[PDB]
Amino acid sequence: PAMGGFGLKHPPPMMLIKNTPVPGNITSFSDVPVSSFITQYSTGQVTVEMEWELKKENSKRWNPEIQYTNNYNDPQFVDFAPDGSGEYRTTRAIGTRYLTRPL
Amino acid sequence: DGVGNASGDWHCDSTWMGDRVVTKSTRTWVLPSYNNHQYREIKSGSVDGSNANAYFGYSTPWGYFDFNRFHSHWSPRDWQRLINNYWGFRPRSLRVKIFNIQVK
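Residues numbered from 1 in each chain as written, not as in the entry; some residues may be left out. Chains lettered and ligands numbered in written order. Part of a larger assembly, values for the part shown. Heavy atoms only, no water.

Turning next to the environment of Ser85 of chain A. Turning to its location among the elements, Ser85 of chain A is positioned in the loop between β1 (81-82) and β2 (88-89). Between the C-alpha atoms of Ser85 of chain A and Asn19 of chain A, which are 66 residues apart in sequence, the distance is 33 Å. (Helix = DSSP H or I, 4+ residues; strand = E, 2+ residues; numbered from the N terminus.)

In C-alpha cells:
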C-alpha cells in the first residue's frame, strides 16, 4: 500500500454493529413498513488484543546509534499527554527507521 | 605445548541472553623489564609545598593487568543499548586468560 502498512489478501474481518430497532406505538395494520421508532443509542466496551512478532537487531556497529528520544527545549507542556483542559497533545510523528544496517 | 601452535583464539563479542549479558574482550599487551629485575625503595619528601605528597614505598619489577574501567568490556553501542533499556546491572563472574606469549 502506497500509505504504508502490510498488504493483505484476507485482512482482519470487518466488524459491523447496529441497534436493533424498537417500534413506536403502532395501532393498526398497514402493509406499509413502520417508520415510527423509539430513539436509542448504545454504549459498551471493546477490547482488542494483537500479537506481534519481532526481528531482533544483531549489528556489529561500534559507535552509538541514533534513537528516538524525548528531546524538547523549554517544554511548556508534556507531549503525548493531556493538557490543562484534558485534551491529549501529540506534537510529533514518530516513525520507525532509526537503527541502521550496512546495505 | 608447541612453538608452531597457537595457545588460544581471539574472542571478542557480546551476547545478550535475557537477564544476562556476557562480554568478552581480547587485547594485545607488551611487558617491559622494569627496574632491571630489581626491587627499589622509592620515596618522596613534601612536594608542591604539601607534606601529604611525601611517601615511602617500593617499586617492583612486576607489571599487572587492570580491567577496572567499563570501556574495557563494553563498546559504545552496547553501553548505549544497556542504559536505554535497563534499570540496573551488577557483575556476576569473571574469567581471564593469557596466551600466545612471545619473549623477545
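Each side of the interface is counted separately: chain B has six residues, and chain A has eight residues. Carbon and sulfur atoms supply 50% of the area buried between chain B and chain A, which totals about 660 Å² over both sides. Taken as a group, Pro76, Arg77 and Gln80 of chain B account for 70% of the area that chain B buries against chain A, more than any other trio of residues on that side. At the boundary of chain B with chain A, the tally comes to two salt bridges. With a shortest N-O distance of 3.1 Å, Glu65 of chain A and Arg77 of chain B are connected by a salt bridge. Our enumeration of links across chain B and chain A arrives at five residue pairs in polar contact. Its residues placed into classes, the side of chain B that touches chain A shows one nonpolar, three polar and two charged. (Contact = heavy atoms within 4.5 Å. Buried area = accessible area lost by both parts, 1.4 Å probe. Salt bridge = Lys/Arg side-chain N within 4 Å of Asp/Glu carboxyl O. Polar contact = N/O pair within 3.5 Å; in protein donor to acceptor, adjacent residues only side chain to side chain. Nonpolar A, V, L, I, M, F, W, Y, C, P; charged D, E, K, R; others polar.)

The phi dihedral of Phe80 of chain A falls on the positive side, at around 60°, and the residue is not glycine. Judged by its relative accessible area of 30%, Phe80 of chain A is partly exposed. Phi at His37 of chain B is positive, roughly 55°, even though this residue is not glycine. As for its position among the elements, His37 of chain B is in the loop between β2 (21-23) and β3 (40-43). The exposed category is assigned to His37 of chain B, whose relative accessible area is 61%. (Buried < 20%, exposed > 50% of the residue type's maximum accessible area, 1.4 Å probe, protein only.)

The next thing to look at is the pattern of salt bridges. Oppositely charged side chains are able to pair whenever their charged atoms sit close together. In total, this model carries three salt bridges over all chains according to the counting rule given. Ionic pairing is found between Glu57 of chain A and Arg77 of chain B, a salt bridge with its closest N-O pair at 2.8 Å. On the criterion of chain membership, the pair formed by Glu57 of chain A in the segment before β1 and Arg77 of chain B in helix α1 (residues 76-83) is interchain, its members lying in two chains. Since its relative accessible area comes to 5%, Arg77 of chain B is described here as buried. We note a salt bridge from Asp19 of chain B to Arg20 of chain B, for which the minimum N-O separation is 3.6 Å. Classification of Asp19 of chain B as exposed rests on a relative accessible area of 68%. Overlapping salt bridges, with partners in common, bring together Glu57 and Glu65 of chain A together with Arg77 of chain B in one network.

Attention now moves to the packing of aromatic side chains. Geometry of an aromatic ring pair is reported as the spacing of the ring centres plus the angle between the planes. Counted according to the given criterion, the structure contains 10 aromatic pairs over all chains. An angle of 20° between the planes, with centres 6.0 Å apart, marks the rings of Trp16 of chain B and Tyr86 of chain B as stacked. Note that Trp16 of chain B is positioned in strand β1 (residues 14-16) and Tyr86 of chain B in the segment after α1, a separation of 70 residues in sequence. Judged by its relative accessible area of 16%, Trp16 of chain B falls in the buried class. Plain terms: the ring middles of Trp79 of chain B and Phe89 of chain B are 6.3 Å apart, the flat faces sit at 85° to each other, and that makes the pair edge-to-face. In this pair, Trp79 of chain B sits in helix α1 while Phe89 of chain B sits in the segment after α1, placing the two residues 10 residues apart along the sequence. Of the residues examined, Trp79 of chain B reaches a relative accessible area of 29% and is grouped as partly exposed. A relative accessible area of 47% places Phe89 of chain B in the partly exposed class. Three or more aromatic residues link up through ring pairs in this structure, and these residues are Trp16, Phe70, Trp74, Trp79, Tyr86 and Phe89 of chain B. Directly above the aromatic system of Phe77 of chain A lies the positively charged group of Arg89 of chain A, at a separation of 4.1 Å from the ring centroid. When the ring centre of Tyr72 of chain A is taken as origin, the NZ or CZ atom of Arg92 of chain A, which lies over that ring, is 4.2 Å away. (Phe/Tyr/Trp six-rings, centres within 6.5 Å; stacked < 30°, edge-to-face > 60°. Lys NZ or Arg CZ within 6 Å of the ring centre and 35° of its normal.)

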